[PDB]
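Read the structure below first, then the notes.
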Amino acid sequence: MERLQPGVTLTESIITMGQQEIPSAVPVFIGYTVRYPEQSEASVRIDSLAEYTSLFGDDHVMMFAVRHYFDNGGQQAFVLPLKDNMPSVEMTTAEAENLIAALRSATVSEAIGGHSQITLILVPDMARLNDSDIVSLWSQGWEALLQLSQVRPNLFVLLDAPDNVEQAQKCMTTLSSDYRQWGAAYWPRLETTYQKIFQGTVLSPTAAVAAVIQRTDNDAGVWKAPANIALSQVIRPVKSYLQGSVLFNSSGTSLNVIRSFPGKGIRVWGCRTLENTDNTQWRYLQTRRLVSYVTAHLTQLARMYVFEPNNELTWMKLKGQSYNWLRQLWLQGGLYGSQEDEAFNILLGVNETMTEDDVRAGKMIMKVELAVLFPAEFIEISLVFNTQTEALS
Amino acid sequence: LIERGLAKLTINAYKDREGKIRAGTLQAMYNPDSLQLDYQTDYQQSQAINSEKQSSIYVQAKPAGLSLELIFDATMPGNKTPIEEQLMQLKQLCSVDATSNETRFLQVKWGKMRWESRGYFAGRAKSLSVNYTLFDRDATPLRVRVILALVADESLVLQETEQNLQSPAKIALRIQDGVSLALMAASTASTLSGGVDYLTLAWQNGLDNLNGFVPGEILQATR
Amino acid sequence: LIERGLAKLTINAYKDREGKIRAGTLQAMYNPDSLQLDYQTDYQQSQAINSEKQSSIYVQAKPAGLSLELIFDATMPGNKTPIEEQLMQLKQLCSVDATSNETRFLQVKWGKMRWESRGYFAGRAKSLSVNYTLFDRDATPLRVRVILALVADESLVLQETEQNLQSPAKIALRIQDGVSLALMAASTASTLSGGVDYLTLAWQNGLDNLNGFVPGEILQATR
Amino acid sequence: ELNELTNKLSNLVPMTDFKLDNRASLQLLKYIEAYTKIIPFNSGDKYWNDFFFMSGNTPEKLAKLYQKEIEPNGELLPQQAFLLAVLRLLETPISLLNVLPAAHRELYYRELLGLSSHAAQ
Amino acid sequence: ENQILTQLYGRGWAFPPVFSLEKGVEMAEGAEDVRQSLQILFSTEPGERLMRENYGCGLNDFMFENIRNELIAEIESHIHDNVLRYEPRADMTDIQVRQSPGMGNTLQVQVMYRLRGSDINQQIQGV
Amino acid sequence: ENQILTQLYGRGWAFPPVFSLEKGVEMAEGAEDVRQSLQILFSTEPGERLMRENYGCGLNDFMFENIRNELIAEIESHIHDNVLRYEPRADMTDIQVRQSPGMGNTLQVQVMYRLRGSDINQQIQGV
Amino acid sequence: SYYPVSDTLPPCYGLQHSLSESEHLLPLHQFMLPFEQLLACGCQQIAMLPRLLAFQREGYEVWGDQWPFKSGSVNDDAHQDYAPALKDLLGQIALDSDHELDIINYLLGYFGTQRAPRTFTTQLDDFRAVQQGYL
């Protein structure tokens, strides 16, 4: 065991795993940390927990969400810490307002809106106010979060629901924000297998769902719904499944539930946004994430020829490059069409979308319409008897 | 009809014949061009000193054999999964399972292709032929042409219940207008392995008479 | 990634199966163009007088066979090692070792090519086919086209410990939320060669009750 | 009383005369009759004891069918033959419970009190 | 609604297990046992029967996946070899899987079956 | 840090062999014996055990050779079939070999392993 | 501890469902009640075995009368209208206290002596504690 002489000396330092860099699913964890030592940047990228514990301290509620995010299969994540003090063991009502006023602050809105790599946000610190908070305090936190997902194009928010069933139905009805389609609420708190197996630590569910959103993005694309996939380190939802059967409403606002199937694991059950279905098109989570995937990949094509002469030539180079990409997304099973004129359509001409003054003002107007798919959440068996039509051979 | 997207070949390995334990999957990079299914039956011709009738008896129906080829690639810019990862996944399906001391049971399936009235091709791998070409100068292979050869091993609890719907133990028959009991007991021989005699058909139904049935009545023919 | 240089084929001959004694190496002049690995398994179909279920049993898994060709040359100005030196080195690997009275154990390896989850291809030479062409007028050969054919002979102390990680003697299981003991003892049959009975699983863990486990508890299932 | 197990069980333990449960099968069905006559068959004056003992079947007759004093006829009501199938199962926890005071005594003499038995002379 | 089809398929308990003051438990007779034997199988999921661990249609393990022609062809394959294992008395004859015209997310399966050994229509609806 | 994993892997002496006045020699229990059984193997080189001549990772016979993709792929092959022979209780699951960003000469190997028969995480660090 | 048989049934029978959502829930949930109390008597009497075979006996009480369901359970909520009546007929076990005098005759037989014969001037309540302290 000579550590300076050349040879094979084993070390305790953990080096990083080879990252796969999934581009369209990467979360932030905005919460209170104990250390806060980073002095260069605003929001920093972590890769492992052993890199996080050296970089943001130990033994807090936001660490066990990162520790459970790296167990379910997530490989990269950002952490934007709140600069205020870490709260008590239970959250007082004088202190719980200090969190939601820090979520409306521009100190955390500029770090998210300036980085332009993050595609979904989440607070694991909202379940810290689940005890001794007092109902509208939850809705004051959700309306802060859904507003935070409006600073820039591709942002989503996974958010925690209150465990009490009366409090959940009230915060579903009395939300009343005009940006409800950017959120999704997963109801029960998970009892993970971390100490204090006998008293496993009760945990936010959204840290596990952000890893399986990233996990179903790796193989089946953004068009696949993130429900019905197993969760790794959890024992049980702390509330029963049958107690939360009133959380799903097919006509009102429906809240996603986490079910326990015997022999099949703990599973996410439901891919619904917060939505009141008056002919709405952004009803499911996968429809909102697909249509925001084709904005954030058509802006990367339309950025390439900003400051171009705006003649009839540079529209046919835009109508050709975006038609060729949407067909490439359609032939992956993404857009619900039997032929390409049924799946999508684009128009760009000087007499179709824009006027003669909009060319003089210097703007192109592209009109992309696209069809999407449905997730098959209900299945109905009919069971009819058919010796009527055997027809005597 | 509904959508337009490639269905791809998946080979699911099961540890048991019934399909209850799962051993791992492998989705193909590119689908095979062609799928060849080969059936075969053995017939032995009976020799006899007296007669010269040409009549060949049935010996055995050999199991089906599916033969498909695949290609794996890492040259192209679109694909980045290495071929060491996929060929390790493929050889672990044509492998002696340490739990059951046999090979594993594969289920090839893709799309709406029924493999003669099964959605999958249940069977085990009889052969496997990797042909590495076009290595990098790091000696990582960039093209691999596997040739799989399977032989059909289907579950027994599925084949137990196809025999019961083809030749059941009990039949119910609807009479129609002046077919005799001698004529109706010949129609039982279509699906009762030698029909019931016209007396033993009348005894089982409790017939008062050999012609004592109305044309609306339902008869029962058990064996 | 790091560098850019040819990895070349090396065949290391070992006197024993485990790989402890070394008998000599041979690095190839030019690498093979293609590497063909051929696997094969034998299945016998069970005949029975009563039933007609198609079910083929497993007999034997034949060992793998690697088939590569090499070329050796001395015409060109770049290369100066004679082919008598290299063909004497190659035939001494496909040779009866006088210490062990068998042939020697070869380990073909080059670069990052895994030969289905081994860095080398452990096996002995089954055939060898030298084809001399283009001699000098001194009758020194200047081109030689060897065709090697190997058959896989892998070490036994490696294959003893792959069976133990695939089907261990003792299992520990984490319970999760209202799976019964009748349901959990079926999940042991995935990796215990016939699962423990739901009573003999409860006796080994010392269960006070058949449902007397908390969902956090770890059960143990030995055989 | 369950002759399939109690041959194997009586050979290991001494199995003295005293039983912790003298509950006979005729005695059990009178206990389940007074139980079911409290449970209300819904929106009716009649109770659940009219269900479990429906048509010409008293608990004295069902004990006769169970102990085979009467030959078992092919037609019995299914909720009654469900009930007689339960009492065939419950002979197994009862028979292992009657064998325990014979094992409690032998534990007292040999383990605690240390007494031995005389060998052959 | 005759006594003949009872002799081929037997009498069993009706799946809505409603008990009556006369005749005891309501018995599902011969042609109606085999329909209700399909209603029990589609309604249970595998793992929640007590000791018969693998009994019930697992349509739960592929839902919340998008409706395409590859999901529909996986339902008709799964719903075919499951009725073969757990329903020996009913032979399937056609499966029609299509999504409903009203609500686009839900898709409706329709299983057409004949009983084995018998070609006898039911006269009208009942039991 | 339970008594269950001791029953699968046993108790042995800790590799830093530090002796205490209470409890005697510090015992490496079940999940921590298998980690320390890997630390003994990487730390000894073959030939310096007394009678077990070939025991220990020979990474000494290929060092002072230049870092390329052919040396890295020879480490991952050597470090894989050596844990198979001398560690029956730990199955390897990934090897990551890369040279460090700070000093270019040294390269750092990282062995990821699971224990056989059991999927039980360690709760926190210790022993 | 006793875990109910109505838990292990498949959830389409509705025993762990919300109460009286459908009308077929209640006649089923009363059918499982007599076969639950027969199994709940078997779980009590093993837990009574240190009490049933102790040498320092003090009780009338034999085989058992405890309700099978915990008070928070949904199975308790179905029969909540007649749980006071069912518990009181479960208190028929005090009428079976003659059996307790047959165990004291068995437990005294370890030490060679039988129990006392029953007389006519017993005062059977006060007679029995003399027979208990004798053991």
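Residue numbers start at 1 in each chain; chains themselves are named A, B, ... in the order of the structure tokens; ligands are numbered from 1 in the order shown.
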Which residues are close to stretch 2-18 of chain F, i.e. within 9 Å by only C-alpha atoms, leaving aside same-chain residues fewer than 2 positions away? Reply as a short mmCIF file (atom, residue, chain, number, x, y, z; two decimals) with N, CA, C and O atoms, in the first residue's frame.
```
data_model
loop_
_atom_site.label_atom_id
_atom_site.label_comp_id
_atom_site.auth_asym_id
_atom_site.auth_seq_id
_atom_site.Cartn_x
_atom_site.Cartn_y
_atom_site.Cartn_z
N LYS C 170 -28.57 -19.19 -2.42
CA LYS C 170 -29.33 -18.43 -1.44
C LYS C 170 -29.79 -17.12 -2.06
O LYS C 170 -29.02 -16.47 -2.77
N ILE C 171 -31.03 -16.74 -1.79
CA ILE C 171 -31.64 -15.52 -2.30
C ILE C 171 -32.11 -14.70 -1.11
O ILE C 171 -32.59 -15.26 -0.12
N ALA C 172 -31.96 -13.38 -1.19
CA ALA C 172 -32.64 -12.45 -0.31
C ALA C 172 -33.60 -11.61 -1.13
O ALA C 172 -33.25 -11.16 -2.23
N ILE C 218 -36.95 -8.09 4.83
CA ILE C 218 -36.22 -8.89 3.86
C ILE C 218 -36.40 -10.37 4.20
O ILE C 218 -36.11 -10.79 5.33
N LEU C 219 -36.86 -11.15 3.23
CA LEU C 219 -37.00 -12.59 3.39
C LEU C 219 -35.80 -13.28 2.76
O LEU C 219 -35.11 -12.70 1.92
N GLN C 220 -35.56 -14.52 3.17
CA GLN C 220 -34.45 -15.31 2.66
C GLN C 220 -34.99 -16.65 2.17
O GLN C 220 -35.79 -17.28 2.85
N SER F 20 -9.19 -4.72 18.47
CA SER F 20 -9.76 -3.89 19.52
C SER F 20 -9.79 -4.65 20.84
O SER F 20 -9.72 -5.88 20.87
N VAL F 25 -11.05 -8.99 17.11
CA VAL F 25 -10.72 -8.46 15.79
C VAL F 25 -11.99 -7.94 15.13
O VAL F 25 -13.08 -8.51 15.31
N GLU F 26 -11.89 -6.80 14.45
CA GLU F 26 -13.06 -6.20 13.81
C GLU F 26 -13.51 -7.04 12.63
O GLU F 26 -12.74 -7.28 11.69
N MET F 27 -14.75 -7.49 12.68
CA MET F 27 -15.29 -8.44 11.73
C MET F 27 -16.02 -7.71 10.61
O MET F 27 -16.86 -6.85 10.87
N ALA F 28 -15.69 -8.06 9.37
CA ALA F 28 -16.39 -7.53 8.22
C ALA F 28 -17.60 -8.41 7.95
O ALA F 28 -17.46 -9.58 7.60
N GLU F 29 -18.79 -7.84 8.10
CA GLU F 29 -20.02 -8.60 7.97
C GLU F 29 -20.45 -8.66 6.51
O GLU F 29 -19.69 -8.32 5.61
N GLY F 30 -21.71 -9.06 6.29
CA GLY F 30 -22.09 -9.72 5.04
C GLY F 30 -21.96 -8.88 3.79
O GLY F 30 -21.31 -9.29 2.83
N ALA F 31 -22.59 -7.71 3.76
CA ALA F 31 -22.49 -6.88 2.57
C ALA F 31 -21.13 -6.20 2.46
O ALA F 31 -20.72 -5.81 1.37
N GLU F 32 -20.44 -6.06 3.58
CA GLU F 32 -19.14 -5.39 3.63
C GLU F 32 -17.97 -6.35 3.52
O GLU F 32 -16.85 -5.91 3.29
N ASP F 33 -18.21 -7.66 3.68
CA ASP F 33 -17.15 -8.60 3.37
C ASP F 33 -16.89 -8.65 1.87
O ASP F 33 -15.73 -8.72 1.45
N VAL F 34 -17.94 -8.56 1.07
CA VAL F 34 -17.80 -8.74 -0.38
C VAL F 34 -17.17 -7.51 -1.01
O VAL F 34 -16.50 -7.61 -2.05
N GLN F 36 -14.88 -5.67 0.71
CA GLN F 36 -13.49 -5.79 1.14
C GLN F 36 -12.81 -7.00 0.52
O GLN F 36 -11.59 -7.01 0.41
N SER F 37 -13.58 -8.00 0.09
CA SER F 37 -12.98 -9.11 -0.64
C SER F 37 -12.52 -8.69 -2.02
O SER F 37 -11.68 -9.36 -2.63
N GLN F 39 -11.33 -5.51 -2.34
CA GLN F 39 -10.20 -4.64 -2.03
C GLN F 39 -8.94 -5.44 -1.74
O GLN F 39 -7.84 -4.92 -1.91
N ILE F 40 -9.07 -6.69 -1.29
CA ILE F 40 -7.89 -7.52 -1.08
C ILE F 40 -7.33 -7.98 -2.41
O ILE F 40 -6.11 -8.01 -2.61
N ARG F 89 -18.90 -14.20 -5.04
CA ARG F 89 -20.05 -13.58 -4.40
C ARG F 89 -20.43 -12.24 -5.01
O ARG F 89 -21.53 -11.76 -4.74
N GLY F 117 -27.59 -13.08 -5.74
CA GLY F 117 -28.73 -13.53 -4.98
C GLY F 117 -29.55 -12.46 -4.30
O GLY F 117 -30.66 -12.76 -3.85
N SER F 118 -29.08 -11.22 -4.22
CA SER F 118 -29.76 -10.23 -3.41
C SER F 118 -29.74 -8.89 -4.13
O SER F 118 -28.72 -8.48 -4.69
N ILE F 120 -30.51 -5.61 -2.55
CA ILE F 120 -30.77 -4.83 -1.35
C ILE F 120 -29.73 -3.72 -1.32
O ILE F 120 -28.53 -4.00 -1.24
#
```
ask   = Quick one: residues within 9 Å of stretch 273-287 of chain A, only C-alpha atoms counted, chain neighbours fewer than 5 positions away excluded, as a list in words?
value = residues 172, 180, 181, 182, 183, 184, 185, 222, 223, 224, 225, 226, 250, 251, 252, 253, 254, 255, 256, 292, 372, 373, 374 and 375 of chain A
request  = Could you please tell me, as an MDAnalysis selection string, which residues of chain B have an atom within 7 Å of chain C when using only C-alpha atoms?
outcome  = chainID B and resid 21 63 84 87:88 91 98:100 102 126:133 137:141 153:154 156 159
request  = Please measure the separation of atom CA of residue D:96 and atom CA of residue D:78, giving the value in Å to one decimal.
outcome  = 28.8 Å
query = Can you list every residue in chain E that DSSP puts in alpha helix (DSSP H), as a PyMOL selection string?
reply = chain E and resi 6-9+30-43+69-86
Please list as a tab-separated table (two decimals) with C-alpha atoms, in the first residue's frame every residue within 9 Å of residue C:106, counting only C-alpha atoms and excluding residues in the same chain fewer than 6 positions away.
```tsv
chain	number	residue	atom	x	y	z
C	11	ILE	CA	-2.88	-15.77	-30.79
C	12	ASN	CA	-1.47	-16.72	-27.40
C	13	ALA	CA	-0.97	-20.44	-26.84
C	14	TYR	CA	-1.33	-21.75	-23.30
C	15	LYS	CA	-0.33	-25.22	-22.17
C	93	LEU	CA	0.43	-23.42	-31.62
C	94	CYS	CA	-1.55	-26.12	-33.47
C	121	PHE	CA	-11.57	-16.51	-27.92
C	122	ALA	CA	-10.34	-19.42	-25.82
C	123	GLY	CA	-10.21	-22.59	-27.87
C	124	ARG	CA	-7.98	-25.01	-29.70
C	125	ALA	CA	-7.19	-25.32	-33.41
C	150	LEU	CA	-10.90	-23.17	-33.97
C	153	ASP	CA	-12.62	-24.84	-25.15
```
Just the residues within 9 Å of residue A:326, please, counting only C-alpha atoms, with nothing from its chain fewer than 5 positions along; format it as a PDB file with N, CA, C and O atoms, in the first residue's frame.
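Heads up, here's the output in result13.pdb:
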```
ATOM      1  N   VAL A 294     -41.930  19.855 -30.953  1.00  0.00           N
ATOM      2  CA  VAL A 294     -41.830  20.243 -32.353  1.00  0.00           C
ATOM      3  C   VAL A 294     -41.818  21.755 -32.495  1.00  0.00           C
ATOM      4  O   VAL A 294     -41.580  22.275 -33.586  1.00  0.00           O
ATOM      5  N   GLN A 321     -37.150  22.148 -45.526  1.00  0.00           N
ATOM      6  CA  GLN A 321     -36.419  21.538 -44.423  1.00  0.00           C
ATOM      7  C   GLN A 321     -37.340  21.158 -43.276  1.00  0.00           C
ATOM      8  O   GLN A 321     -37.038  20.223 -42.530  1.00  0.00           O
ATOM      9  N   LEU A 331     -42.903   9.232 -39.750  1.00  0.00           N
ATOM     10  CA  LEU A 331     -42.552   7.852 -40.050  1.00  0.00           C
ATOM     11  C   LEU A 331     -41.882   7.137 -38.887  1.00  0.00           C
ATOM     12  O   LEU A 331     -41.348   6.043 -39.083  1.00  0.00           O
ATOM     13  N   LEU A 335     -47.466  10.901 -35.363  1.00  0.00           N
ATOM     14  CA  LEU A 335     -48.345  12.002 -35.738  1.00  0.00           C
ATOM     15  C   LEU A 335     -49.746  11.616 -36.204  1.00  0.00           C
ATOM     16  O   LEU A 335     -50.477  12.513 -36.639  1.00  0.00           O
ATOM     17  N   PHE A 344     -49.954  16.049 -41.141  1.00  0.00           N
ATOM     18  CA  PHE A 344     -49.497  17.411 -40.906  1.00  0.00           C
ATOM     19  C   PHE A 344     -49.605  18.200 -42.200  1.00  0.00           C
ATOM     20  O   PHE A 344     -49.888  17.649 -43.265  1.00  0.00           O
ATOM     21  N   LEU A 370     -50.606  20.023 -37.094  1.00  0.00           N
ATOM     22  CA  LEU A 370     -50.156  18.651 -36.925  1.00  0.00           C
ATOM     23  C   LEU A 370     -51.152  17.899 -36.061  1.00  0.00           C
ATOM     24  O   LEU A 370     -51.684  18.439 -35.092  1.00  0.00           O
TER      25      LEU A 370
END
```
key: Distance-based interface of chain G with chain A, 12 Å, counting only C-alpha atoms, as a PyMOL selection string   = chain G and resi 8+10-11+14-19+74
key: Selection: 9 Å around residue F:83, only C-alpha atoms, excl. self and same-chain fewer than 6 positions, as a list in words   = residues 38, 41, 57, 90, 91 and 92 of chain F
Using the selection just defined, write its residues with C-alpha atoms as a short mmCIF file (atom, residue, chain, number, x, y, z; two decimals), in the first residue's frame.
```cif
data_model
loop_
_atom_site.label_atom_id
_atom_site.label_comp_id
_atom_site.auth_asym_id
_atom_site.auth_seq_id
_atom_site.Cartn_x
_atom_site.Cartn_y
_atom_site.Cartn_z
CA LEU F 38 -12.58 -7.03 -3.79
CA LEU F 41 -7.79 -8.89 -4.62
CA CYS F 57 -4.93 -8.88 -10.01
CA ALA F 90 -19.83 -10.34 -6.41
CA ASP F 91 -21.00 -10.13 -9.99
CA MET F 92 -19.55 -7.32 -12.06
#
```
query = Residues at most 12 Å from residue F:76, counting only C-alpha atoms, excluding those fewer than 4 positions away in the same chain, as a PyMOL selection string?
reply = (chain C and resi 111-114+117-120) or (chain F and resi 59+69-72+80-83+92-98+108-112)
Sel. of strand (DSSP E) residues, stretch 10-46 of chain A, as number ranges by chain = A: 27-32, 44-46
Given the selection you just returned, output its residues as a file containing N, CA and C atoms, formatted as a PDB file, in the first residue's frame.
```pdb
ATOM      1  N   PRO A  27     -34.330  17.672 -15.677  1.00  0.00           N
ATOM      2  CA  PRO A  27     -35.048  18.433 -14.654  1.00  0.00           C
ATOM      3  C   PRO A  27     -34.201  19.439 -13.901  1.00  0.00           C
ATOM      4  N   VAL A  28     -34.848  20.372 -13.207  1.00  0.00           N
ATOM      5  CA  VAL A  28     -34.210  21.111 -12.126  1.00  0.00           C
ATOM      6  C   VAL A  28     -34.863  20.700 -10.818  1.00  0.00           C
ATOM      7  N   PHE A  29     -34.067  20.708  -9.764  1.00  0.00           N
ATOM      8  CA  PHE A  29     -34.547  20.533  -8.404  1.00  0.00           C
ATOM      9  C   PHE A  29     -34.361  21.869  -7.703  1.00  0.00           C
ATOM     10  N   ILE A  30     -35.433  22.631  -7.547  1.00  0.00           N
ATOM     11  CA  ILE A  30     -35.346  23.920  -6.875  1.00  0.00           C
ATOM     12  C   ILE A  30     -35.807  23.740  -5.430  1.00  0.00           C
ATOM     13  N   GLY A  31     -34.851  23.772  -4.510  1.00  0.00           N
ATOM     14  CA  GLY A  31     -35.152  23.519  -3.116  1.00  0.00           C
ATOM     15  C   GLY A  31     -34.094  24.093  -2.208  1.00  0.00           C
ATOM     16  N   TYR A  32     -34.330  23.941  -0.912  1.00  0.00           N
ATOM     17  CA  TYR A  32     -33.384  24.407   0.087  1.00  0.00           C
ATOM     18  C   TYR A  32     -32.267  23.392   0.269  1.00  0.00           C
ATOM     19  N   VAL A  44     -26.421  24.796 -11.314  1.00  0.00           N
ATOM     20  CA  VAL A  44     -25.322  23.933 -11.719  1.00  0.00           C
ATOM     21  C   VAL A  44     -25.840  22.538 -12.015  1.00  0.00           C
ATOM     22  N   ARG A  45     -25.079  21.814 -12.825  1.00  0.00           N
ATOM     23  CA  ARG A  45     -25.459  20.485 -13.270  1.00  0.00           C
ATOM     24  C   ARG A  45     -24.768  19.434 -12.428  1.00  0.00           C
ATOM     25  N   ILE A  46     -25.541  18.481 -11.936  1.00  0.00           N
ATOM     26  CA  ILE A  46     -24.980  17.374 -11.186  1.00  0.00           C
ATOM     27  C   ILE A  46     -25.149  16.103 -11.993  1.00  0.00           C
TER      28      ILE A  46
END
```
key: chain E contacts to chain C at 10 Å (only C-alpha atoms) as a VMD selection string   = chain E and resid 47 to 54
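For the choices D:80, D:116, D:22, D:57, the atom-to-atom distance to chain G is smallest for D:22 when using only C-alpha atoms.
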inquiry  = Report as a count of residues only all protein, DNA and RNA residues lying within 10 Å of residue A:206, evaluated on only C-alpha atoms, omitting residues in the same chain fewer than 3 positions from it.
reply    = 23
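Using only C-alpha atoms for every distance, the candidate list G:129, G:62, G:90, G:43 yields G:43 as the residue closest to chain C.
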